[PDB]
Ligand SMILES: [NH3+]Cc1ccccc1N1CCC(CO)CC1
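Only one chain comes next, encoded as structure tokens, the form solved without this ligand.
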């Protein structure tokens, strides 16, 4: 809506991404606190990711859900593109997990409910996120989960690939194999997260790319003894090689382990 860098006072860095250098900022006239995600045009051009940036802006700017981070607008200058985002004051789920090591069943079930609700809203518009990982799950002022980083988002179904040499840990077999995929991709990532929240590490983690790939394609994971029967049941339903066999989000939200442990309403 006609914004420029001179309209803001920039503050401390909130985080770093591959391309996204994110800062706290304040709009000079209103004093409103927000985050500016800064991207270097030369790096976007070298990598050939301009189409992903267009989808990030066009998809995220139209979503309105309390568990989805708002994108208010954007602007650019000679060397950088600036995305104007809602500021998430309590940081990332990634950092919460590094601090706590693992989450209890109540916190896990509450975060899974919030995801589920955000994804149910996305999927109602045929939007699939495809990059649900803890560094992209931000926390609002009341500690509520907010899905962010819509760079890999697309309208379903899709055959487009995600990263090339980056983390495979949250991706399903159909995406790592380059096959056509849909909304069921986010259901698989939900199962990976549920496991990582309870155990402290994702289920297919390995020292190499090929071994992680092998474990994902064969769905090779085991549970430590402390994981309860209800959590094992939900995780096992979500991590099914066949996407058509993965549950609907309403079945996740009504699962007896979720309703028994989540904080509501």
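Numbering follows the first chain given and starts at 1.
Here the subject shifts to the form solved in complex with this ligand, a form of this protein not shown in this document.
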Exercise. Quick one: does residue 53 come within 4.5 Å of this ligand in the bound PDB entry, counting heavy atoms only?
Worked result: yes
Exercise. Hey, in the bound PDB entry, is residue 201 touching this ligand, heavy atoms inside 4.5 Å?
Worked result: no
Exercise. Might residue 41 be said to contact this ligand in the bound PDB entry, defining contact as any heavy atom within 4.5 Å?
Worked result: yes
Seminar exercise, completed: Within 71-88, the residues having any heavy atom within 4.5 Å of this ligand in the bound PDB entry are 74, 76, 81
